[PDB]
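Coming up is one lone chain in structure tokens, specifically the form deposited in one PDB entry.
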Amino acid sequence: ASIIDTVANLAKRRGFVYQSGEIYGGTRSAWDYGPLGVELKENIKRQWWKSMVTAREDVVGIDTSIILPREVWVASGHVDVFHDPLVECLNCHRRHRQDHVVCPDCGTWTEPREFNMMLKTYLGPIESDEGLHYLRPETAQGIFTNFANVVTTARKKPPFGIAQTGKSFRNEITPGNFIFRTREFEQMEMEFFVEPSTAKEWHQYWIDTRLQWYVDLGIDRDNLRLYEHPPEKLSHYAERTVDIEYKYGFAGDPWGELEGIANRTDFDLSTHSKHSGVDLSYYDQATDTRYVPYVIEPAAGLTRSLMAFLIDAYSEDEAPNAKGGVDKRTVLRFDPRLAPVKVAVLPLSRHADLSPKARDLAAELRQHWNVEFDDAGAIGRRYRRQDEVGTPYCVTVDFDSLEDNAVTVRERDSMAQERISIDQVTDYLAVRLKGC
């Protein structure tokens, strides 16, 4: 079995993901995130927002509506150019992407017809062109349209960034491998407005910076690469684009896009100034000059980043068991800051004397972290159940704990154990979990 299939089976089995509406028929085009998946996803988001907004004086945040005025997508060009060629089979009449011959539904074509990938909706009582709106295909336009508002309230000046996370929607004709390509996804996008003569320099900076981010949160550098977009595959808003690519493990070419870092020159502020009538240029008072900023844009995928982190973390190693033998052990080697469960509190047995201390310790820890309590089954099996989902530390409460008031901390990867007094455990875990 391939690595992607293994990781997907693990995710479904342990509740990182469920198929949306599974009981009514789910597709790989729609996924719900279970109790572990939601925490993993939020953790990745939080680390992104820390790196991009909180830690940087030059970058501020925003959250804009999924449904913007239609004119926006006329000015961005998405109405006119955000379309792909579709060919309908002449035997089963199922439409497919032409660029992407034989039919993959029956095997037996019409002339290509352009199909716009944005999703439509209607606001108001009349299902008419007055109420036609597009579910945004990208979060960038809500940033561009607020560039001046932000310059004003935030008192900012180029170079500076506006960052955002949110849901986007594309009418994807076919579902991707697992969660890679879905019709509803979550993006993390930042638009960095710079004085044009510096754009190129700034560009490389962000390409490097973004790359290091993935490495800093645990992704093997060898599983990452850079790809230069050719002029033909350039977006309608881009002059130069570089993609970070991750080795996901697909059949055939195992490499796939992970984050797109684009030099969008002055396109976006220009077009929105032209269409809205509002001047979105920037006035440098230190020089008495006025220019439309260039835009460097790191746009990552939350769900693609979760898939990348989850695949890179997966590993199988030979770990000794209680019998004195050696088993194959499935471990997700997450960075502590991403792991969905930071600590597991595991009484040695269901004994009535161990549950009080174990439960009080679980509560104390829940004050700070997401915690898991499990007294079911043999302890070693529970250690492995936690290792399977990337839990960084297991805290075992045994009978000696009733006398020395100390517990056994077990580190996930090394499986090494250290006995520490309870009244210090929190502190211990804190230093090793590397939160704020």
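Between two forms, the rigid core is the largest collection of C-alphas that superpose within 1.5 Å. Residue numbers run from 1 along the displayed sequence.
* Tell whether, across the other compared PDB entries, at least a third have no coordinates for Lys120. => Looking at the other entries that model residues on either side of it, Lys120 is missing from at least a third.
| said: As a check of understanding, is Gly15 unmodelled in at least a third of the other compared entries that model its flanking residues? | reply: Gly15: modelled in all of the comparison entries.
field: Between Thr108 and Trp109 - deposited residues without coordinates, as a size class
entry: Missing residues, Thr108 to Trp109: 1 to 3.
Practice task
Answer with none, 1 to 3, 4 to 9, or 10 or more: how many deposited residues between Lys120 and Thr121 are not present in the coordinates.
Solution key: None; the chain is continuous from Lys120 to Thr121.
(request) Tell me which of 255 to 263 and 203 to 211 has the higher mean C-alpha B-factor in the deposited entry. (result) According to the PDB entry, the answer is 255 to 263.
| message | On mean Cα temperature factor in this entry, is 338 to 346 or 270 to 278 the higher one? | response | Averaged over C-alpha atoms, the B-factors run higher in 270 to 278.
Which has the highest CA B-factor per the PDB entry: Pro112, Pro159, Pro196, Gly301? The C-alpha B-factor peaks, among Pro112, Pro159, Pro196, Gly301, at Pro112.
Problem set entry | Residue selected from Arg155, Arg136, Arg366, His100 by maximal Cα B factor | Out of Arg155, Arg136, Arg366, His100, the record gives the largest C-alpha B-factor to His100.
* Relative C-alpha B-factor of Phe144, binned into the chain's lowest, middle or highest third -> As the PDB entry reports it, the C-alpha B-factor of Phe144 lands in the lowest third of its chain.
Legend entry - Assigned third (lowest, middle, highest) for the C-alpha B factor of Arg70: Highest third, going by the recorded CA B-factors of the chain.
| said: Test of reading the entry: by CA B factor among the chain's modelled residues, which third contains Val395? | reply: For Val395, whose C-alpha B-factor we compare with every modelled residue in the chain, the answer is the middle third.
- Task: Going by the recorded CA B-factors, say which third of the chain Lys233 sits in, lowest, middle or highest.
- Result: For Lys233, the deposited C-alpha B-factor lands in the highest third.
Next item on the list: Could you say whether, by C-alpha temperature factor, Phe180 belongs to the lowest, middle or highest third of its chain?
Entry: Ranked within chain, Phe180 CA B lands in the highest tercile.
This next part talks about the form deposited in another entry, which is not shown.
- Message: Taking only shifts of 2 Å or more in Cα after a rigid core superposition between the shown form and the other one, tell me which of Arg221, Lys274, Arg350, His236 qualifies.
- Response: The one that shifts is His236.
Shift of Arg290 between the shown form and the other one at or above 2 Å (CA, core fit):
Yes, the C-alpha position differs by at least 2 Å between the shown form and the other one.
**Message:** So the CA-CA distance for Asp284 and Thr152 moves by at least 3 angstroms in that other deposited form. Closer or farther than here?
**Reply:** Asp284 and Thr152 sit farther apart in that other deposited form.
Outcome for the Cα pair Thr289, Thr152 in that other deposited form, compared with this form (closer or farther; change of 3 Å or more)
Note: Cα gap between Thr152 and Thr289 widens in that other deposited form.
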